[PDB]
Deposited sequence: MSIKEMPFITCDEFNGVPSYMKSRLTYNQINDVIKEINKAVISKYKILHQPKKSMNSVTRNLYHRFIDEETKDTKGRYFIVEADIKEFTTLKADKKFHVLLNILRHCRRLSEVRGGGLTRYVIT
């Protein structure tokens, strides 16, 4: 089964990112983080497309689905911690600002929960 993935940002894209957003981040660090996010997305949808601790993950996934979330691909901050070596902390969030800026993902909120939908 095919699963949507977020592409690396390009150098020109990186170059165009407003300097302040970039700050500490190098080009490679950003795409390093994209790599981990895709890993989190992949892992989630394999589970969804799967026929036991993994299976209470499945229900949390269902539970998070929204009118606005549709048949779209998404993850939430807990997914990072669950599937990757990334920490969903402060730098992850600076990074998020870049990912959003480059239209790589969007933030969906509702039910007191922030979902990250793959653009």
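- Positions of the deposited sequence absent from the coordinates form one stretch: 52-56.
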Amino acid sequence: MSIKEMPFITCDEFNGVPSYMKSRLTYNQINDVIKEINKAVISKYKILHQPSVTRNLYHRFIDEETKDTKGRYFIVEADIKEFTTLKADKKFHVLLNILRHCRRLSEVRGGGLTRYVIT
From here on, numbers count along this sequence of modelled residues.
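- Remark: stretch with higher mean C-alpha B factor among 54-62 and 71-79 is 54-62.
- Look at the mean CA B-factor for 9-17 and for 107-115 in the entry; the higher one is 107-115.
- Within the selection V41, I34, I47, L86, the deposited Cα B-factor values reach their highest point at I47.
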